[PDB]
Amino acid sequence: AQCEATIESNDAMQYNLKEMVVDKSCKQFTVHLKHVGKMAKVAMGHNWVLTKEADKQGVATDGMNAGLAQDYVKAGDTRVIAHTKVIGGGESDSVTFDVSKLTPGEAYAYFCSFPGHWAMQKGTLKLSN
């Protein structure tokens, strides 16, 4: 709603939103990730990671390599515009980020970097009015 959105992840390694639009009057945007499945975070944990579409595989590989204690995102990875924590079934997490980190026109990729999820669990984020 307004300068925020909610996205659901389930036990099928899917996000319910394939596209998110950040309104141009927004200086901050907030994403609330909900894991509406029942599986454990070691089994089917999920997060939400935002990168320029170019850096998606790089971030997903380094992220898989950072472990669960780093929420599968390489610590201080400059390519990650924002990310939630890794959560398990029945949980939620939120992240707010600065919209000046994004450029109009330019398309961004958001995905889940939990092992093996990036390929499938993905969507596009764009800035518009």
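Note that residue numbering follows the sequence shown and begins at 1.
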query	finding
Given 87 to 95 and 50 to 58, the range whose Cα B-factors average higher in the PDB entry	50 to 58
Higher-scoring stretch by recorded Cα B factor average, 26 to 34 or 74 to 82	74 to 82
Among modelled residues of the same chain, the CA temperature factor third for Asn10	middle
Third of the chain, ranked by Cα B-factor, where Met64 sits	middle
B-factor third for the C-alpha atom of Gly105 within its chain	highest
